[PDB]
Amino acid sequence: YXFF
Amino acid sequence: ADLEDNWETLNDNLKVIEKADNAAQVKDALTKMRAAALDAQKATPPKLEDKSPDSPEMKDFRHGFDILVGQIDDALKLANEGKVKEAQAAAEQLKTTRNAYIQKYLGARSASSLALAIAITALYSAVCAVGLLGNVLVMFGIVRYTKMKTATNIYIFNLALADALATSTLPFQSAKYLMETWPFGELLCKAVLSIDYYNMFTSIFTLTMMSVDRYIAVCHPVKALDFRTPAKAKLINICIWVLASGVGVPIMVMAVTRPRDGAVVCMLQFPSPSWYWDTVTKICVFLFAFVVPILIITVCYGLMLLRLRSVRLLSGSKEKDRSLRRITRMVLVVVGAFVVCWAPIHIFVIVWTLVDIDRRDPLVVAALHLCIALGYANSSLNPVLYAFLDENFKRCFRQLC
Ligand code: NA
């Protein structure tokens, strides 16, 4: 965590 | 770096020049492009990194920007004479020159960027190994042995499952960072992203319920007999997964692979407006998977302190009393370790999303990735905490090695  | 920013501003202002009504817009765009160009010319591109500043490749690179600037100047001359469309045409020529003579030098990642990918791959590998082996051992131990079937240990089984799954994704994520692309297909993209969210939600929900279980074991010994069975713990585990699927399923659906800039990216595609739902999700994740659960856990322990500190006989035996007390201490420590591990990234994400920070600054990006890594590290730390803090896990560990 996190991602695009 | 400054180069990629300067290059982005060149492109952005070329687009401004294309769709422009008047010479003021064109002049302003061209003037900004010139500053960016002069700045860009002072950089060392990643493809020529640690080459001598006076090498053929560097001289040629810089020379390309002298040509661009010369063309920006001509285009600006035209724009100042009122000749908008000729200036626009001249600017279309920059794009050709830029692509034909400078493009080759841009493209690659820098050594620092590759260094980051290698360090992340190192840490993720260590985490995967200890985490995956460690939690598979915990799950096997809980199933295999009679003495392990306890309410508290069924909850632990749920943590181990989430952690086993989370750590199983790390080699794939590592590969992405090294290759700068996603070669594993869409299904495994959906799996990895949704597992990330499941880990976060099921874990904290489970830790919340372990705290509540402890609260009941200590402050309500009589009612605890009714509530605290392995079967009911299992039941609550399932509920946790069902509830967490409220976020997990949407993530499965929105997770896609797309070709973008010569690579395949695995990403979350939110509905329009993307930026809005992305931000709603992030604030929801922060509240419902961190803040609110922590309040509940805090309350549960607050009420437990009244009985834990201000008494001596909790149960009707020495063995049971010390057993009730150390299991309660373990849960607090596991909770603590979870909060310590996860708080940094959770704060970072909110700051990254809401505040105008330099998202391309080497230090910020390094710190961010360290914080992401620390979140995953939680998974490898937990098996070791069970061995350290619980009698039966120590005995199970020693029997293995
Ligand atoms: Na976890």
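Entry numbering is not used for residues: they are numbered from 1 along each chain in the order the sequence is written, which may differ from it, and residues without coordinates are omitted. Throughout, the order in which chains and ligands are written sets their labels, letters from A for the former and numbers from 1 for the latter. Computation of side-chain values: all heavy atoms of the structure, hydrogens and water removed. Residues with missing side-chain atoms are left out of burial classes, side-chain pairs and their counts.

Caption draft 1: The coordination of the sodium ion, seen in detail. Residues and elements named next belong to chain B. Protein coordination of the sodium ion is provided by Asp163 (OD), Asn199 (OD1) and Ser203 (OG), with donor distances spanning 2.4 to 2.6 Å. In this description, a donor is an N, O or S atom within 2.8 Å of the metal centre, a cutoff extended to 3.2 Å for sodium, potassium and calcium. Water is not part of the atom list, which can make sites seem incomplete. Read in sequence order, the donor residues for the sodium ion give the motif D-x35-N-x3-S. In this pair, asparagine 199 and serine 203 are both assigned in helix α8 (residues 185–219), 4 residues apart and thus about one turn of the helix distant. The residues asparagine 199 and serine 203 share a single accessibility class, namely buried. Helix and strand assignments come from DSSP, with helices taken as H or I runs of at least 4 residues and strands as E runs of at least 2, each series counted from the N terminus. Throughout, exposure labels follow a simple rule: accessible area from a 1.4 Å probe, protein chains only, divided by the maximum for the residue type, with under 20% read as buried, over 50% as exposed, and the rest as partly exposed.

Caption draft 2: Inspection of the nonpolar core at higher detail. Core analysis: the biggest nonpolar cluster contains 69 residues, and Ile156, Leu207, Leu268 and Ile345 of chain B have the highest contact counts within it. Of all the secondary structure elements, the ones that give two or more residues to this core are α5 (111–144), α6 (151–168), α8, α10 (230–254), β2 (263–268), α11 (274–309), α12 (318–354) and α13 (362–389) of chain B. At 13 residues, the largest contribution of residues to this core is made by α12 of chain B. Excluding its chain neighbours within four sequence positions, the residues that come into contact with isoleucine 345 of chain B are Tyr1 of chain A together with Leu368, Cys371 and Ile372 of chain B. In these notes, a set of buried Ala, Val, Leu, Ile, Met, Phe, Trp, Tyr and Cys residues joined through side-chain atoms within 4.5 Å is what counts as a nonpolar core. One finds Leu48, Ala75, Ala90 and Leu106 of chain B within the second-largest nonpolar core, a separate group that totals 33 residues. Should any heavy atoms of two residues lie within 4.5 Å, those residues are counted as being in contact.

Caption draft 3: Structural context of a nonpolar patch on the surface. Surface patches are defined over residues having more than 30% relative accessible area and no salt bridge, joining like charges when they lie within 9 Å and nonpolar side chains (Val, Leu, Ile, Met, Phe, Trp, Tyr) when within 5 Å. Accessible surface area values rest on a Shrake-Rupley calculation with a 1.4 Å probe, where residue burial reflects the displayed protein chains alone. A side-chain nitrogen of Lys or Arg and a carboxyl oxygen of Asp or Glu constitute a salt bridge if their distance falls within 4 Å. Nonpolar side chains collect at one region of the surface, where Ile283, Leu287, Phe288, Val292 and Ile296 of chain B lie side by side and expose about 410 Å² of accessible area between them. Mapping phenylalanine 288 of chain B onto the fold places it in helix α11.

Caption draft 4: Fine view of the pairing of strand β1 (residues 255–260) of chain B. Of the pairings in the sheet, the one linking β1 of chain B to β2 of chain B comprises 6 bridges and is antiparallel in character. Note that in β2 of chain B the partner of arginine 260 of chain B across the bridge is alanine 263 of chain B. Whether two strands pair comes down to DSSP finding at least two bridges between them.

Caption draft 5: Main features of the packing of helix α2 (residues 23–41) of chain B against helix α3 (residues 56–80) of chain B. All names here are of chain B. α3 packs onto α2 with a crossing angle of 165 degrees between their chain directions and a minimal axis gap of 9 Å. When the axes of α2 and α3 are compared, the pair comes out roughly antiparallel. When the axes of α2 and α3 are compared, the crossing they make is left-handed. Here α2 contributes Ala23, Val26, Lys27, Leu30, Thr31, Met33, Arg34, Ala37, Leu38, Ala40 and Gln41 to the contact with α3, which in turn contributes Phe61, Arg62, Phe65, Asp66, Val69, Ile72, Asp73, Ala75, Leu76, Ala79 and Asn80. The residue classification treats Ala, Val, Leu, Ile, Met, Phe, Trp, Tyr, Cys and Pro as nonpolar and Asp, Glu, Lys and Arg as charged. All others, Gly included, are polar. Across the contact of α2 with α3, the residue classes tally to 14 nonpolar, 3 polar and 5 charged. Axis definition: a line fitted to C-alpha atoms, over the contacting stretch in the case of helices. Angles run 0 to 180 degrees between N-to-C directions. Orientation labels follow simple angle bins: below 35 degrees gives roughly parallel, above 145 gives roughly antiparallel, 65 to 115 gives roughly perpendicular, and whatever is left gives oblique. Crossing handedness: left-handed means the near helix sits turned counterclockwise from the far one by under a right angle, and right-handed means the same turn made clockwise.

Caption draft 6: How the structure looks around the side chain of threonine 257 of chain B. Within the element layout of this structure, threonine 257 of chain B appears in strand β1. Ignoring any residue separated from it by four or fewer positions in sequence, one finds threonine 257 of chain B in contact with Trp182, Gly185, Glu186, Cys189, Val264, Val265 and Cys266 of chain B.

Caption draft 7: Structural context of the packing of aromatic side chains. Residues and elements named next belong to chain B. Stacked, tilted and edge-to-face are the three classes applied to pairs of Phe, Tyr and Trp rings, where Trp contributes its six-membered ring and a pair requires centres within 6.5 Å; stacked means planes under 30 degrees apart, edge-to-face means over 60, and tilted covers the rest. Under the defined criterion, the tally for this structure stands at 13 aromatic pairs over all chains. Both rings, one in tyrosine 124 and one in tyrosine 376, keep their centres 5.5 Å apart while their planes meet at 85 degrees; by these two values the pair is edge-to-face. Linking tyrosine 124 in helix α5 with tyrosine 376 in helix α13, this pair joins segments that are 252 residues apart in sequence. Exposure remark for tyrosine 124: the relative accessible area of 1% places this residue in the buried category. The interplanar angle of 70 degrees and the centroid separation of 5.2 Å between the aromatic rings of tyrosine 276 and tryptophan 277 together place this pair among those described as edge-to-face. Taken together, the ring pairs in this structure connect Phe61, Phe65 and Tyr105 into an aromatic cluster.

Caption draft 8: Representation of the pattern of salt bridges within the structure. All names here are of chain B. With the rule as written, the count across this model stands at 11 salt bridges over all chains. Residue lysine 83 is joined to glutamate 81 by a salt bridge in which the shortest nitrogen-to-oxygen separation is 3.1 Å. Looking at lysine 83, the relative accessible area reads 37%, which means it is partly exposed. Judged by its relative accessible area of 42%, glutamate 81 is partly exposed.

Caption draft 9: Expanded view of helix α4 (residues 84–101) of chain B. Residue and element names in this part refer to chain B. One fewer than the residue count of a helix, multiplied by 1.5 Å, yields its expected span. Its 18 residues give α4 an end-to-end C-alpha distance of 26 Å, which sits within 8% of 26 Å, the value for a rise of 1.5 Å per residue. Burial in α4 covers these residues: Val84, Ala87, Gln88, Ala90, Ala91, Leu94, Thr97 and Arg98. All buried residues of α4 project into a common sector of 165 degrees when viewed along the axis, lining one side. Away from the buried face of α4 by more than 90 degrees, exposed residues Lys85, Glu92, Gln93 and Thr96 are located. Each element contacted by the buried residues of α4 is listed here: α1 (2–18), α2 and α3. Working definition: the arc comes from the directions between the helix axis and the C-beta atoms, pointing outward to the latter.

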